[PDB]
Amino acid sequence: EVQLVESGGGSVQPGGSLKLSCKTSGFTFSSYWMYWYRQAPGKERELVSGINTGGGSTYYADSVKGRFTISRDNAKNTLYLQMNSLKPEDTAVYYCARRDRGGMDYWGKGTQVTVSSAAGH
């Protein structure tokens, strides 16, 4: 079965950094564009970033430009999101997704990121 599994979430200080991983199995990852989405409190789901097969970013949301970097490792079949200069409003469940025209969408279960002044340093 197709598997997408996010990890790397947790609590982090405002201004801090986190790197999320989306480890995949059960399909030819290197053939697909891949995406990060997020679901924040009281808001609609938001597309964060997309990446093409060869590992070039296709898109960043205005809200994350200059702070986040999408990347992939086709040898490990893993997608990443490096997040920097985190803000309270980046608190959300983050999801990786495989989506393509006339194909079936697949989503991970998501990972919680919490940007909090009470986070460990």
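Numbers follow the displayed sequence, beginning with 1.
Just going by the entry, 95-103 versus 109-117 on mean CA temperature factor gives the higher value to 95-103. Take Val64, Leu81, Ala75, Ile51 and read off each C-alpha B-factor from the entry; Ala75 has the highest. Compared with the other modelled residues of the chain, the Cα B-factor recorded for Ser11 ranks in the highest third. Compared with the other modelled residues of the chain, the Cα B-factor recorded for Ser85 ranks in the middle third. The entry lists a Cα temperature factor for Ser71 that places it in the lowest third of the chain's modelled residues.
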